[PDB]
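Positions of Cβ are generated from backbone atoms using ideal geometry, with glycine treated the same way; all protein chains shown enter the neighbour counts. Only the coordinates and a few stated rules stand behind these numbers; no lab work does.
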Amino acid sequence: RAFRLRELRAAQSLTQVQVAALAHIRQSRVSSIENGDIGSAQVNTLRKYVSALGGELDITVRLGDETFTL
Amino acid sequence: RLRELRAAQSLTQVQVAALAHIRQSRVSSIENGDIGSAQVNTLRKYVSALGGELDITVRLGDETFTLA
């Protein structure tokens, strides 16, 4: 979960320092995200972290029928 | 927008803030289009308070997995 993100970064030979520099976010925010502390992360920060791992972050809201993208 | 979804659920900003047990200024920024600065747990509670569910997924090609 946190392990999944750690694995994704480590499979690309990036340190938490390098991902922090790629994402323009604090290394302390990289460590906390990787320790499972997703709840507390800001959206733009999580977005940047995931882009630095080569991913895309999809944030969606399901309300009854509809599902909207934020 | 969320504003439009919130309003469509008959709720006021003060009420959603109260129901989500979050600072109203937090709801104000989310509803004014500023999703970027929202903490995931804040956005999660705000969406639950509307009666909805928040999905956060990482996509790498066709591979996806949930974060929250």
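B:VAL16 meets all of the listed conditions (1) facing chain A (nearest Cβ under 7 Å); (2) assigned to a helix (DSSP H, G or I); (3) in contact with a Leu (Cβ under 8 Å, 6 or more places away or on another chain) but one, namely (1). Looking across the range A:24-41 at every residue that is surrounded by fewer than 18 Cβ atoms within 10 Å (Cβ to Cβ) and within 9 Å of another protein chain (Cβ to nearest Cβ), the one that is farthest from B:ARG44 (Cα to Cα) is identified as A:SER40. From the list B:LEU11, B:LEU5, the lone residue that is of a type outside the set (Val, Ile, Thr) and assigned to a helix (DSSP H, G or I) is B:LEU5.
Which residues, taken from the range B:19-45, are in a helix (DSSP H, G or I) and basic (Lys, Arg)? Break it down stepwise before answering.
To start, the set of residues in the range B:19-45 that are in a helix (DSSP H, G or I) comprises B:19, B:24-31, B:40-45.
Residues satisfying the conditions are B:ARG26, B:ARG44, B:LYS45.
Among residues of the range A:42-66 that are facing another protein chain (nearest Cβ under 7 Å), those with a Cβ under 6 angstrom from a residue that is β-branched (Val, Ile, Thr) and not in a strand (DSSP E or B), sequence gap 6+ or separate chain, pair up as A:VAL43/B:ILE35; A:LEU57/A:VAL50; A:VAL61/B:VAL47.
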